[PDB]
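In structure tokens, the next block holds one chain alone, the form deposited in one PDB entry.
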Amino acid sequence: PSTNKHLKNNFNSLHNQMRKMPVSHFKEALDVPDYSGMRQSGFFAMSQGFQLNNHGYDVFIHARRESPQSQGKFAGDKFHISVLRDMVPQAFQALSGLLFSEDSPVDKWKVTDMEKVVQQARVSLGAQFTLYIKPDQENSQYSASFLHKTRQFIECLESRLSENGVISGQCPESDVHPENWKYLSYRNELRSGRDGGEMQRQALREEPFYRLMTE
């Protein structure tokens, strides 16, 4: 009895429902900070419903909707966004409207503060954004409409980045992604074994959430 068990037993149903739904529209927000502003969130800041902070003891600027739209418990699903290091600020600004959108299915996310990490380290080369996904229903099961909304959202991020000519960064070796995702990648540590490497990625690819997001 769990989020994943539900996805497995309703695998085809969810996919069939999703593929029949109309394109989702996300009203992008304009009153959002630019990357420098984001880095200046300090102890506390707020932009269109999202609480922000960049504590000195961390290297990420966290964003969390005060009013969470998903009522389920986090089941490990998350996405990373990888862009060329020198383009993090450009990528942030390009995605800011969607990331702060009243329509975004993502209640919580964070972006790396490039000034706090070593240029040579992998944290600077990719996965500069992290989007946390959690089941929308109180019983912690994903609804077809939410899955569709989440996939449409992620694909919207992909198109915005490509349209802005943003160059892809280096995807983490721990994540997986299909050929058509140039910036997005998926990961779920809740079930990523202890083997890592190829074995870990193959396990992720069989995850029903990932397959519903890509097939």
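In this text, residue numbers run from 1 along the sequence as written.
Separately, the form solved in complex with a partner chain exists; it is not shown, and the next lines address it.
- Not displayed here, the partner chain is approached by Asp58 to within 4.5 Å at the level of heavy atoms in the entry with it bound.
- Within this chain, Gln137 is remote from the site of the partner chain in the entry with it bound, having no heavy atom within 4.5 Å.
- Although the partner is absent here, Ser143 lies well away from the partner chain in the entry with it bound, with no heavy atom inside 4.5 Å.
- Residue contact with the partner chain in the entry with it bound: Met87 places no heavy atom within 4.5 Å of it.
- Contact annotation: the partner chain lies within 4.5 Å of heavy atoms from the stretch 188 to 196 in the entry with it bound, the single such stretch among 19 to 27, 5 to 13, 201 to 209, 188 to 196.
- Although the partner chain is omitted here, in the entry with it bound all of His80, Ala121 and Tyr132 have a heavy atom within 4.5 Å of it.
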